[PDB]
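Novice: This is the structure, below, for whatever I ask next.
Number of protein chains: 4
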Amino acid sequence: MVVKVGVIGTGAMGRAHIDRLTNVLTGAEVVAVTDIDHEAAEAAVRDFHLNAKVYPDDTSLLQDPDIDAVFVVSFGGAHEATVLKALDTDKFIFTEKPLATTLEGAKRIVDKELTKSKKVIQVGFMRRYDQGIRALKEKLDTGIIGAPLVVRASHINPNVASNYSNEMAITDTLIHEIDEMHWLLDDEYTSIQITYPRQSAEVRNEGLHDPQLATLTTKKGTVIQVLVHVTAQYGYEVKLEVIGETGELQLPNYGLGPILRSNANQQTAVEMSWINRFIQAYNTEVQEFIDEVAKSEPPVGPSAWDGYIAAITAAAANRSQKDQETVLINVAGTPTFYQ
Amino acid sequence: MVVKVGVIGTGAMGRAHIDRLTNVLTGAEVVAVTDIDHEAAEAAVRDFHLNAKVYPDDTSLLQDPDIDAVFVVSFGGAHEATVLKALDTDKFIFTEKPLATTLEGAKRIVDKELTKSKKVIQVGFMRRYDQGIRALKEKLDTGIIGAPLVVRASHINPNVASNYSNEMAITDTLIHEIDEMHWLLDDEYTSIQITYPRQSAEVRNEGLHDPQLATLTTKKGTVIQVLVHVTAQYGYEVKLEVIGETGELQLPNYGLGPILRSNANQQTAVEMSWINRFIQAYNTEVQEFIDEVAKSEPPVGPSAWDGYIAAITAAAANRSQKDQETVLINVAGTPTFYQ
Amino acid sequence: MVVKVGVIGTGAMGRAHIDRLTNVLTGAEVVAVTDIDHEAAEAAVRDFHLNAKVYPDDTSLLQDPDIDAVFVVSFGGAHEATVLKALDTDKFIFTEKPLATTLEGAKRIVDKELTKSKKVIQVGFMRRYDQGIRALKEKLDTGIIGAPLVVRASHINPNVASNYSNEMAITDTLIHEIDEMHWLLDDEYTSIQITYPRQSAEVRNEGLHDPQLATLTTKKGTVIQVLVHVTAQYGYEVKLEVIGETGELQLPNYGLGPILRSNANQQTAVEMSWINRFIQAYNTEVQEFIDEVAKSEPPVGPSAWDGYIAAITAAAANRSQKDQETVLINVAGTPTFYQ
Amino acid sequence: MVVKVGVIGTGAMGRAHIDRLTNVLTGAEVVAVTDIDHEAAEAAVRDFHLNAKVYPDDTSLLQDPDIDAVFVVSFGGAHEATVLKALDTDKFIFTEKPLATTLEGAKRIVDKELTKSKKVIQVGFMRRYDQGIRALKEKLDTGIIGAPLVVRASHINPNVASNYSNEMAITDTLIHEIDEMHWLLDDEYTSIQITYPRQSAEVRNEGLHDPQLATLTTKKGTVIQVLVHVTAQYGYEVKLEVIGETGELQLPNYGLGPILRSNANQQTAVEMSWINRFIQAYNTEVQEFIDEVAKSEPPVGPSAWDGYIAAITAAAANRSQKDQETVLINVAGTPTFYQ
Ligand SMILES: NC(=O)c1ccc[n+]([C@@H]2O[C@H](COP(=O)([O-])OP(=O)(O)OC[C@H]3O[C@@H](n4cnc5c(N)ncnc54)[C@H](O)[C@@H]3O)[C@@H](O)[C@H]2O)c1
Ligand SMILES: NC(=O)c1ccc[n+]([C@@H]2O[C@H](COP(=O)([O-])OP(=O)(O)OC[C@H]3O[C@@H](n4cnc5c(N)ncnc54)[C@H](O)[C@@H]3O)[C@@H](O)[C@H]2O)c1
Ligand SMILES: NC(=O)c1ccc[n+]([C@@H]2O[C@H](COP(=O)([O-])OP(=O)(O)OC[C@H]3O[C@@H](n4cnc5c(N)ncnc54)[C@H](O)[C@@H]3O)[C@@H](O)[C@H]2O)c1
Ligand SMILES: NC(=O)c1ccc[n+]([C@@H]2O[C@H](COP(=O)([O-])OP(=O)(O)OC[C@H]3O[C@@H](n4cnc5c(N)ncnc54)[C@H](O)[C@@H]3O)[C@@H](O)[C@H]2O)c1
Ligand SMILES: O[C@H]1[C@H](O)[C@H](O)[C@@H](O)[C@H](O)[C@H]1O
């Protein structure tokens, strides 16, 4: 039987999730949408040829007893209230990152969810579903390189829009590494420090420091060094290397495109779009959520607790951005509800 | 509109197609299976959690009016008779390659399909759908390396099953390159020659020569040299390099797994089977077939004519296997029905 | 004690040998030169600040008792007469390839040398000294991929000078693979065949076919497929892949220059000069010859007998070039002198 | 004319330099040796078949007026007194790193050398001669990736001797990157900080922290992150990546050995020996020193001033090791004598 979905926020990512549910993946149908821009909502219904109701607000959508699951794809600051409203229903909830824009918001969600009989929230941290990243985690977990001592990673993006702020270097960009590392390492963070190398001449945005170096430490003592470089020009690239006691593991060359020998060079194209880079991870992530809902079983992907860990760490990082000082992180032990 | 599918042949690839149709692709349901090994048919229904009839043979399955399309996924030598019986019904037909294992068989299929009012057969030449191979063709077609002069290709398998015959090195294996190079170069063949290098000590099948070298020449004078090596031990691999007037294009190494530095070596895993190497291509071709059937429109993928044109070159190569001499090829023009 | 050298032929490669012996390598001194262009010989003395006597021809240089070894670096057609003259002395002889330009010339040399008490000739087939090619041979010889069944090789050159003839595709270019493959495989050739794919638009030379495909067969049954492509435009490149029973070995990309990520590509430079490509091989080859002469031991590099196998094979290829038909090769058993 | 050399310290590296000078490089002869272990000095003369006198100490060796240059290859702690004695002679001086084991001893040597009528000291920082590293610096200096913002490097070593101490992670290992980076970037350091990630289980030496992370900052604001990992097990490896405003540059994998396809993986060998890794750089640096001396010209390699920069920065690093705090660096401007 088909999972009936409502979508709250029908903007760029909302429409892309609608397209996934409608055109790409199996077992779901979007039967309801809402957007504070009523005309965005009508356009979603029209462009994707949906047989769906346009609701005036999230409150009304969430009262429709035929919707099995809701996708919350509104502005980040709008997630917390919408997730809290959806937690008064029995519906499963897929929320894009962040779970909330403040860690207090994220704690409100984790507390209302823990009153429920079962977990219903998955948060859209897609990196965990990326085939290469997953495969590296699985190899690490065999023990073949011993314990992880240091992780080195890069999050490289060619250019940013005029609205991109210094804070978004954490909340839009580093946030992916923030969710990924504790999961990769099965460990908890103890601190984060953001430092600023010399400022690139490519930055055109007031207040934006680029590149940024993030250093995170974990309870077992692993150090994570992430380079965030968002005006890098050359391409979009995610790099990850785990230094172990007895060996190292790293992500391979990404790309399907041909090797060209021409004009005294050998070359391959580099991805320019994060959207294309993570197409597979988004498909896999959403298909898994739908397959869980179809079985009436809780999601198994990143939970509200992961959303809360990410919110606390992002807050610690935004605080570090002010003076480049290390900010301690102490995350409470995970409730068994979320193991 | 959900396409109800029957699958004839539920071994490795029959199972892989059932898996994809059931769990990955959209708009299809497997409702019937058959295999000459009834236990294999029952195992497929159980393992993939199907609600499907198990028919004792293809003729009974084909006479069930509720089936919209059949997949022929039996031993290559069995396709011809099943496809001919299926053409007695109004069902759409996806057959794995080869279309038949002889030229006469392929021609019988084409002669019978031509009597129908609509084309119904798609042949599973998935290489044309592989994103990497497509990206190479696309780059070639820009003219960046000038005209293609020589093509070098490898088709590598780690080992073969006990029913793999010398003739199958052509009809089961080289058949992919026979189809692919015609499509890649938009050109037709004028001859083929098979030669036998030093016989591998790894061969375990009576009568099988391995490796085999195939040289194909085209009308424009491109020479293609294919290495077929089906007892290679190390892995499953497809390599393609196009040598142009002003440059070269090569498919990159396929792999998602990590790079491991350990024990005085840096290494990456090689795939051991087609099942993962070409999963995207299989998914794309089968989704396209299902999408056409859902519209009651002819398939747009490789046709029985492509299968026949391939069989003519394959039959020439089976003739060349006998004395290692060059065999001339000159195929008929495409009938209107197949344009 | 320094090895006193005379150099016969002070053109491009003669000066390069003088420079190696004077400025790079250890244990030798050029004390004599001769060239049919007397002005070039005198310039070689001034240019490299030699304490050396300029002789009017090779006969007179060869009468200098103080010379321990001569380098024959004249036009290929002149090598045979000079090598036969040098063999009337007791001096060691390094001749650049070819040993002689005809197979009968090569045999006169071998027959004359067999009359001597010790072997004194080394032929300048430098591929055997290239570290990359040597490392590949060494790994092959560990048995790790089992027996070699097929070799696929490329000799890629960006453009040729106006004097470059069709026969030079063999005598100047393929000759390196001709000496290399029997050594690599510890085997003897039984045939060679040259075929012409479609002619490249880039060819500006009268009578030149480009590319050419050379197929060699060996006594143990290994088939060698060499692509010779001398108007390739993009670079100078030597490629070598050995297909074994249980694995494969290939040369890595040549070059130490950095990987550049820029402008939506990842790239590395390709060598444009064969001179640059084989700098190390030439140094190592010549240093070994000098080291052997310093000990008054016979050379251990490619011998006059190797020069003879090369000459016979090149003659057979030139004959094949006439009609693209296979030409048999039956090389005599190696005399004890050359084991 | 032949450069006559005396070698002070005939241990592992002293014998390796004697071997270079005698058997590999051109234009030098070892005519005198001394070592505090007289039997080691006598053994070096025998083993290398030198026509050399054995002196009981450096003072007596330095009185030999026939020596043109001395190589100082004793314990690091002995370099300063010996270099100061040598500066009372007119001999050229090649000292292995370090110039001196304190920044004050390095300053003494600089001050003394400044009183002389020519620069005579070269310090054995061989990284600058490595062809790969040089090629990367050359490409960076074209401006093609814009200004360098971040440098990430690794110094990976398989295991250490039982006498390898925590401070040697700086003075024996990191010292190479300490000399290399200011040269690569043409910039001066402003600070260094050493941090200790998780302690590896592979460390067998009391007090040795491994791995160690070193962060250096430069005047223009480039941040350098070096990973030092000396019990890494898998191999010896030097990695270098320069992150620029508009692109990146990285050293390719070291090694000329083949790519092996075998046993479900594609692999290349990793060097286990720092000796073999930098054999080219050592030969090139010493050949360059000898060539300068032969012309009675001052050396052009790393000078006593580079020795001093390295000693100041090493000192700062050893101080940082105490509490993992950032230590400021402010080197005086470079004297004209050393430009
Ligand atoms: N996981 C990822 O990689 C990823 C990628 C892109 C976006 N996202 C997240 O998706 C969310 C949406 O981003 P986007 O790029 O589509 O932004 P967007 O601005 O295009 O779209 C947001 C849509 O939400 C609507 N909206 C806003 N507030 C609402 C409310 N209270 N109720 C209903 N609708 C509301 C807006 O009118 C708009 O149409 C953000 O949280 C973003 O962080 C995640
Ligand atoms: N396109 C590709 O990449 C690709 C990959 C694998 C297989 N194939 C093709 O798929 C077909 C099946 O191969 P496989 O690997 O699954 O082999 P398999 O041996 O695993 O399975 C073949 C199945 O067919 C059954 N069978 C044989 N004759 C039959 C008949 N007359 N009617 C019904 N069932 C019959 C067998 O009992 C068996 O279960 C072959 O044609 C092969 O060439 C294509
Ligand atoms: N092993 C290799 O890869 C390699 C590379 C380059 C050249 N070579 C060989 O080196 C030889 C010279 O080539 P080059 O590139 O230096 O050619 P070149 O034309 O530059 O030099 C040849 C020199 O030989 C002189 N000469 C001609 N006949 C002579 C004679 N009878 N006695 C003395 N001198 C004579 C010429 O006047 C000229 O100075 C050729 O045999 C060539 O095939 C080999
Ligand atoms: N640049 C590089 O990469 C590199 C590499 C290795 C060593 N080094 C340097 O080389 C020097 C020697 O290292 P090594 O590995 O050969 O060590 P080693 O212990 O093998 O040799 C040192 C030798 O010095 C002798 N010696 C000690 N004190 C002496 C003195 N006062 N006078 C004369 N001889 C004395 C010892 O007896 C011994 O034979 C050190 O400074 C080391 O740091 C540099
Ligand atoms: O050689 C195999 C090919 O690689 C696959 O693509 C199928 O055609 C099949 O299993 C053949 O046996």
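Chains as they are written, first to last, in my numbering: chain L, 121 to 459; chain V, 121 to 459; chain G, 121 to 459; chain A, 121 to 459.
Just so it is clear, CB atoms sit at the ideal spot from N, CA and C, and this is done for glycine as well.
#1: Would you kindly report the start and end of the unbroken beta strand (DSSP E) that includes residue 64 of chain G?
#2: Listing by chain order, which chain L residues have their CB less than 8 Å from the CB of residue 380 of chain V?
#3: Using DSSP bridges, identify the partner residues of residue 313 of chain G.
#4: Does the separation of the CB atoms of residue 337 of chain V and residue 308 of chain V fall below 8 Å?
#5: Measuring CA to CA, which of L:246, L:300, L:452, L:407 is closest to residue 189 of chain L?
#6: Would you say residue 436 of chain G faces chain A, with C-beta separation under 8 Å as the test?
#7: Answer yes or no: does any C-beta atom of chain L fall closer than 8 Å to that of residue 229 of chain A?
#8: At 7 Å on the CB atoms, spell out the chain L contacts of residue 320 of chain A, in chain order.
#9: Under the rule that 16 or more other beta-carbon atoms within 10 Å means buried, what is residue 257 of chain G, buried or exposed?
#10: Express the C-alpha separation of residue 143 of chain G and residue 133 of chain G in angstroms, rounding to a whole number.
#11: Name the residues in the segment 338-359 of chain A whose C-beta lies less than 7 Å from a C-beta of chain L; which are they?
#12: Under 8 Å Cβ-Cβ, which residues of chain A neighbour residue 404 of chain G?
#13: Since I believe residue 371 of chain V is in contact with residue 380 of chain L (beta carbons under 8 Å), could you give me their beta-carbon distance rounded to a whole number of angstroms?
#14: Mind checking if residue 384 of chain A is an interface residue toward chain V, Cβ cutoff 8 Å exclusive?
#15: Could you tell me which of G:298, G:253, G:278 sits nearest to residue 449 of chain G, measuring between CA atoms?
#16: For residue 176 of chain L and chain A, any beta-carbon pair shorter than 8 Å?
#17: State the CB to CB distance for the pair residue 270 of chain V and residue 343 of chain V, rounded to an integer number of angstroms; the pair is presumed to be in contact (CB under 8 Å).
#18: Residue 418 of chain G and residue 238 of chain G: beta carbons closer than 8 Å?
#19: Looking at residue 367 of chain G: is its Cβ nearer than 8 Å to the Cβ of residue 386 of chain V?
#20: Hey, is the segment 310-317 of chain V in contact with the segment 432-447 of chain V, meaning 3+ C-beta pairs nearer than 8 Å?
#21: Find out if the Cβ-Cβ distance for the pair residue 464 of chain G, residue 173 of chain G is shorter than 8 Å.
#22: Is residue 392 of chain V near ligand 2, judged by its Cβ being under 7 Å from some heavy atom?
#23: Along chain G, in chain order, which residues have C-beta atoms closer than 8 Å to that of residue 280 of chain L?
#24: Please classify residue 90 of chain V as buried or exposed, where buried requires at least 16 other C-beta atoms within 10 Å of its C-beta.
#25: Tell me whether the segment 271-278 of chain A and the segment 349-365 of chain A touch, counting them as touching only if at least three CB pairs, one residue from each stretch, are closer than 8 Å.
#26: Return no unless some Cβ of chain L is closer than 8 Å to the Cβ of residue 189 of chain G.
#27: How would you call residue 137 of chain A, buried or exposed, if buried means at least 16 neighbouring beta carbons within 10 angstroms?
#28: Would the C-beta of residue 277 of chain V count as close to ligand 5, meaning under 7 Å from any of its heavy atoms?
#29: Please list, in chain order, the chain G residues whose beta carbon lies closer than 7 Å to that of residue 389 of chain L.
#30: So the candidates are A:242, A:202, A:164; which of them puts its Cα closest to the Cα of residue 428 of chain A?
#31: Below 8 Å on C-beta distance, what does residue 221 of chain G contact in chain C?
#32: List the residues of chain G whose Cβ lies closer than 9 Å to the Cβ of residue 392 of chain L, in chain order.
#33: Taking the alpha helix (DSSP H) that residue 297 of chain A falls in, what are its first and last residues?
#34: Please report the straight-line C-alpha distance between residue 202 of chain L and residue 330 of chain L, rounded to a whole angstrom.
#35: Is the shortest distance between the beta-carbon of residue 272 of chain L and the beta-carbons of chain A less than 8 Å?
#36: Using 8 Å for Cβ pairs, my map puts residue 296 of chain A next to residue 363 of chain L. What's the rounded Cβ distance?
Specialist: Reading from the atomic positions:
#1: The question about residue 64 of chain G has no answer here: the residues shown for chain G are numbered 121 through 459.
#2: One-based indexing of the second sequence puts residue 380 of chain V at position 260. Near residue 380 of chain V (Cβ distances below 8 Å), the residues of chain L are 259, 264, 265, 367, 368, 369.
#3: Here the question's residue 313 of chain G lines up with position 193 in the third sequence. G:335.
#4: Residue mapping note: residue 337 of chain V aligns to position 217 of the second sequence, counting from 1. Residue mapping note: residue 308 of chain V aligns to position 188 of the second sequence, counting from 1. Contact flag unset, no.
#5: The residue labelled residue 189 of chain L in the question sits at position 69 within the first sequence. Residue 189 of chain L has its Cα closest to that of L:407, out of L:246, L:300, L:452, L:407.
#6: By 1-based counting over the third sequence, the position of residue 436 of chain G is 316. No, because no Cβ of chain A sits closer than 8 Å to the Cβ of residue 436 of chain G.
#7: To locate residue 229 of chain A, count along the fourth sequence from 1; it is residue 109. No, residue 229 of chain A does not count as interfacial toward chain L.
#8: If you number the fourth sequence from 1, residue 320 of chain A lands on position 200. Per Cβ cutoff of 7 Å: 269, 365.
#9: On the third sequence, position 137 is the one that residue 257 of chain G refers to. So residue 257 of chain G ends up on the buried side.
#10: Along the third sequence, one-based indexing puts residue 133 of chain G at 13. Along the third sequence, one-based indexing puts residue 143 of chain G at 23. Spanning the two alpha carbons is a distance of roughly 15 Å.
#11: 340, 341, 342, 343, 345, 347, 349, 353, 354
#12: Taking the first residue of the third sequence as position 1, residue 404 of chain G is located at position 284. The contacting residues do not exist; residue 404 of chain G stays about 12 Å from chain A at best.
#13: Your numbering for residue 380 of chain L matches position 260 in the first sequence. Your numbering for residue 371 of chain V matches position 251 in the second sequence. The pair is not a contact, with the Cβ atoms about 12 Å apart (cut-off 8 Å).
#14: Against the fourth sequence, residue 384 of chain A aligns to sequence position 264. Yes, contact with chain V.
#15: Along the third sequence, one-based indexing puts residue 449 of chain G at 329. Here the closest residue by C-alpha is G:298.
#16: By 1-based counting over the first sequence, the position of residue 176 of chain L is 56. For residue 176 of chain L, the answer is no, since every Cβ of chain A falls outside 8 Å of its Cβ.
#17: Reading the second sequence from its first residue, position 150 is the one you call residue 270 of chain V. Reading the second sequence from its first residue, position 223 is the one you call residue 343 of chain V. That belief holds up - the Cβ atoms of residue 270 of chain V and residue 343 of chain V are roughly 5 Å apart, short of 8 Å.
#18: As a position in the third sequence, residue 418 of chain G is number 298, starting the count at 1. As a position in the third sequence, residue 238 of chain G is number 118, starting the count at 1. Against a cut-off of 8 Å, the Cβ pair of residue 238 of chain G and residue 418 of chain G comes out as a contact.
#19: Locating residue 367 of chain G in the third sequence gives position 247, where the first residue counts as 1. Locating residue 386 of chain V in the second sequence gives position 266, where the first residue counts as 1. Contact: no.
#20: yes
#21: This structure cannot settle anything about residue 464 of chain G, because the visible part of chain G is limited to 121 through 459.
#22: Sequence index remark: in the second sequence, residue 392 of chain V carries index 272 (1-based). Incorrect: residue 392 of chain V has no Cβ contact closer than 7 Å to ligand 2.
#23: Here residue 280 of chain L corresponds to residue number 160 of the first sequence, with the count starting at 1. In chain order: nothing, as chain G lies at least about 17 Å away.
#24: Since the first residue of chain V shown is 121 and the last is 459, residue 90 of chain V is not available in this structure.
#25: yes
#26: Along the third sequence, read from residue 1 onward, the residue named residue 189 of chain G stands at position 69. Answer no: the Cβ-Cβ gap between residue 189 of chain G and chain L never drops below 8 Å.
#27: As a first step, residue 137 of chain A must be located in the fourth sequence, where it is residue number 17. The residue in question, residue 137 of chain A, is buried, as its Cβ has 16 or more Cβ neighbours within 10 Å.
#28: One-based indexing of the second sequence puts residue 277 of chain V at position 157. Yes, the Cβ of residue 277 of chain V comes within 7 Å of a heavy atom of ligand 5.
#29: Along the first sequence, read from residue 1 onward, the residue named residue 389 of chain L stands at position 269. Residues of chain G passing the Cβ test: 384, 385.
#30: Residue numbering aside, residue 428 of chain A sits at position 308 when the fourth sequence is read from its first letter. Here the closest residue by C-alpha is A:242.
#31: Given the protein chain composition of this structure (L, V, G and A), no chain C is represented.
#32: Here the question's residue 392 of chain L lines up with position 272 in the first sequence. Those within 9 Å of residue 392 of chain L in chain G are 384.
#33: Along the fourth sequence, read from residue 1 onward, the residue named residue 297 of chain A stands at position 177. That run of the alpha helix (DSSP H) goes 295-305.
#34: Here the question's residue 202 of chain L lines up with position 82 in the first sequence. Here the question's residue 330 of chain L lines up with position 210 in the first sequence. Distance between the alpha carbons of residue 202 of chain L and residue 330 of chain L is about 33 Å.
#35: To locate residue 272 of chain L, count along the first sequence from 1; it is residue 152. Output row for residue 272 of chain L: interface = yes.
#36: Start at 1 with the first residue of the fourth sequence, and residue 296 of chain A comes out as number 176. Start at 1 with the first residue of the first sequence, and residue 363 of chain L comes out as number 243. Not really, about 19 Å apart at Cβ, beyond 8 Å.
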